[PDB]
Number of protein chains: 2
Amino acid sequence: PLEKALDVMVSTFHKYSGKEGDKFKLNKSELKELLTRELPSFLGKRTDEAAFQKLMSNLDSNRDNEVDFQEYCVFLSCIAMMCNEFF
Amino acid sequence: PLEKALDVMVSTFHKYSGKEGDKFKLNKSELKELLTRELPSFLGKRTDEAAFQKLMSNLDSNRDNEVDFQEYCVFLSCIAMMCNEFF
Ligand SMILES: [Ca+2]
Ligand SMILES: [Ca+2]
Ligand SMILES: [Ca+2]
Ligand SMILES: [Ca+2]
């Protein structure tokens, strides 16, 4: 179960970062699709365009306006750490 | 199912962490069964005690001789990224 889940995390990235432009990174449209479709829970209601834009600015540690796989990775793990702490 | 993939990530850990001493930490021995029954395709056959110490040394970033939930998400991000760079 831990192995199908880790490649569920891997294949999901590529599910959107390749739709447009750099096929190795998520741009905003791409990031919104992923979250909106694959991660609605950890979504709540902040569905503005203003919620997503700092939603993209905070995942984007490099500041290169895109989320690479690494970065998606630190995001998934913050979300893991956050839930854990809850249960 | 990404959100499904996070669920089991967080639970797989506690399924093993709550056996001995700290219940929110993995000691070399709980890590052992986690790694062996969960991530079998990552541990080939170097499973002696040096490939299992190594790992512990590897995993345990604060060096309290135990794997906590954050050091376990760092490790997991290392597996996914490995799976990723190979595509
Ligand atoms: Ca892209
Ligand atoms: Ca970036
Ligand atoms: Ca323990
Ligand atoms: Ca530790």
# chains A, B, ... in the order shown; residues from 1 in each chain; ligands from 1
call {"tool": "interface_residues", "arguments": {"of": "chain B", "to": "chain A", "cutoff": "9 Å", "atoms": "only C-alpha atoms", "output": "PyMOL selection string"}}
result
chain B and resi 1-12+38-41+69-70+73-74+76-77+79-81+83-84
call {"tool": "residues_around", "arguments": {"residues": "residue 24 of chain A", "least_positions_apart": "3", "cutoff": "7 Å", "atoms": "only C-alpha atoms", "output": "PyMOL selection string"}}
result
chain A and resi 17-18+68
call {"tool": "residues_near_ligand", "arguments": {"ligand": "ligand 1", "cutoff": "12 Å", "atoms": "only C-alpha atoms and all ligand atoms", "output": "PyMOL selection string"}}
result
chain A and resi 13-34+65-69
call {"tool": "write_last_selection", "arguments": {"atoms": "N, CA, C and O atoms", "output": "short mmCIF file (atom, residue, chain, number, x, y, z; two decimals), in the first residue's frame"}}
result
data_model
loop_
_atom_site.label_atom_id
_atom_site.label_comp_id
_atom_site.auth_asym_id
_atom_site.auth_seq_id
_atom_site.Cartn_x
_atom_site.Cartn_y
_atom_site.Cartn_z
N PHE A 13 1.79 14.07 -10.18
CA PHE A 13 2.45 15.30 -10.62
C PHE A 13 2.38 15.33 -12.14
O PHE A 13 1.64 16.14 -12.70
N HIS A 14 3.14 14.44 -12.79
CA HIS A 14 3.18 14.42 -14.25
C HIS A 14 1.78 14.48 -14.85
O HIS A 14 1.58 14.75 -16.03
N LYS A 15 0.74 14.24 -14.04
CA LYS A 15 -0.59 14.32 -14.65
C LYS A 15 -0.91 15.73 -15.13
O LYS A 15 -1.84 15.90 -15.92
N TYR A 16 -0.18 16.74 -14.66
CA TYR A 16 -0.56 18.11 -15.00
C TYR A 16 0.60 18.99 -15.43
O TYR A 16 0.40 19.90 -16.25
N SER A 17 1.79 18.77 -14.89
CA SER A 17 2.93 19.63 -15.20
C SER A 17 3.31 19.56 -16.68
O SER A 17 3.97 20.44 -17.24
N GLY A 18 2.90 18.48 -17.34
CA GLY A 18 3.25 18.32 -18.74
C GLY A 18 2.18 18.85 -19.68
O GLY A 18 2.39 18.88 -20.90
N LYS A 19 1.03 19.25 -19.15
CA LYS A 19 -0.06 19.70 -20.01
C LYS A 19 0.38 20.89 -20.86
O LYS A 19 0.08 20.97 -22.05
N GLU A 20 1.09 21.80 -20.21
CA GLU A 20 1.54 23.06 -20.76
C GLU A 20 3.00 23.37 -20.44
O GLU A 20 3.47 23.01 -19.37
N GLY A 21 3.69 24.02 -21.37
CA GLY A 21 5.03 24.53 -21.17
C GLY A 21 6.02 23.52 -20.64
O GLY A 21 6.04 22.38 -21.12
N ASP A 22 6.85 23.91 -19.67
CA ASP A 22 7.79 22.96 -19.07
C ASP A 22 7.01 21.73 -18.62
O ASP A 22 6.11 21.80 -17.78
N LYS A 23 7.36 20.57 -19.19
CA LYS A 23 6.63 19.36 -18.82
C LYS A 23 7.18 18.76 -17.52
O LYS A 23 6.76 17.66 -17.15
N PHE A 24 8.09 19.46 -16.86
CA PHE A 24 8.60 18.95 -15.59
C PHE A 24 8.16 19.82 -14.41
O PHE A 24 8.63 19.60 -13.29
N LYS A 25 7.28 20.78 -14.65
CA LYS A 25 6.85 21.68 -13.57
C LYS A 25 5.42 22.14 -13.76
O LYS A 25 4.92 22.16 -14.88
N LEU A 26 4.78 22.49 -12.64
CA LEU A 26 3.40 22.96 -12.63
C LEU A 26 3.39 24.49 -12.63
O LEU A 26 4.05 25.11 -11.79
N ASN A 27 2.64 25.06 -13.56
CA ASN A 27 2.35 26.49 -13.57
C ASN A 27 1.00 26.66 -12.89
O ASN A 27 0.47 25.62 -12.46
N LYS A 28 0.46 27.86 -12.78
CA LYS A 28 -0.74 28.11 -11.98
C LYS A 28 -1.92 27.31 -12.47
O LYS A 28 -2.54 26.53 -11.75
N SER A 29 -2.27 27.48 -13.74
CA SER A 29 -3.37 26.68 -14.28
C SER A 29 -3.20 25.21 -13.90
O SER A 29 -4.12 24.57 -13.38
N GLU A 30 -2.01 24.70 -14.17
CA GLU A 30 -1.62 23.33 -13.89
C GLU A 30 -1.73 23.02 -12.41
O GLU A 30 -2.25 21.99 -12.01
N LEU A 31 -1.25 23.91 -11.55
CA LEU A 31 -1.33 23.69 -10.10
C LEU A 31 -2.76 23.73 -9.62
O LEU A 31 -3.16 22.96 -8.73
N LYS A 32 -3.60 24.60 -10.18
CA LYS A 32 -4.99 24.65 -9.75
C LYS A 32 -5.76 23.38 -10.10
O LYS A 32 -6.52 22.86 -9.29
N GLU A 33 -5.55 22.89 -11.33
CA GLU A 33 -6.14 21.63 -11.75
C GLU A 33 -5.83 20.52 -10.75
O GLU A 33 -6.76 19.87 -10.25
N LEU A 34 -4.55 20.30 -10.47
CA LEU A 34 -4.10 19.22 -9.59
C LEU A 34 -4.82 19.26 -8.24
O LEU A 34 -5.38 18.25 -7.82
N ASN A 65 8.43 31.12 -10.28
CA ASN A 65 7.04 31.16 -10.66
C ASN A 65 6.44 29.82 -11.07
O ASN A 65 5.36 29.85 -11.66
N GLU A 66 7.08 28.71 -10.76
CA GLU A 66 6.59 27.38 -11.08
C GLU A 66 6.88 26.37 -9.99
O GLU A 66 7.82 26.51 -9.21
N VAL A 67 6.09 25.30 -9.96
CA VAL A 67 6.35 24.29 -8.93
C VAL A 67 6.98 23.05 -9.54
O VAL A 67 6.31 22.29 -10.24
N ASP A 68 8.26 22.79 -9.28
CA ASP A 68 8.86 21.55 -9.81
C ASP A 68 8.52 20.36 -8.92
O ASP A 68 7.85 20.50 -7.90
N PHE A 69 8.95 19.15 -9.29
CA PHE A 69 8.54 17.97 -8.54
C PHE A 69 8.98 17.99 -7.08
O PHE A 69 8.30 17.57 -6.15
#
call {"tool": "select_by_dssp", "arguments": {"residues": "chain B", "states": "alpha helix (DSSP H)", "output": "ChimeraX atom specification"}}
result
/B:2-17,28-38,51-59,69-85
call {"tool": "select_by_dssp", "arguments": {"residues": "chain B", "states": "strand (DSSP E or B)", "output": "list in words"}}
result
residues 25, 26, 67 and 68 of chain B
call {"tool": "atom_distance", "arguments": {"atom1": "atom CA of residue 86 of chain A", "atom2": "atom CA of residue 59 of chain B"}}
result
23.3 Å
call {"tool": "closest_residue", "arguments": {"among": "A:45, A:58, A:36, A:82", "to": "ligand 2", "atoms": "only C-alpha atoms and all ligand atoms"}}
result
A:58
call {"tool": "atom_distance", "arguments": {"atom1": "atom CA of residue 75 of chain A", "atom2": "atom CA of residue 43 of chain B"}}
result
26.1 Å
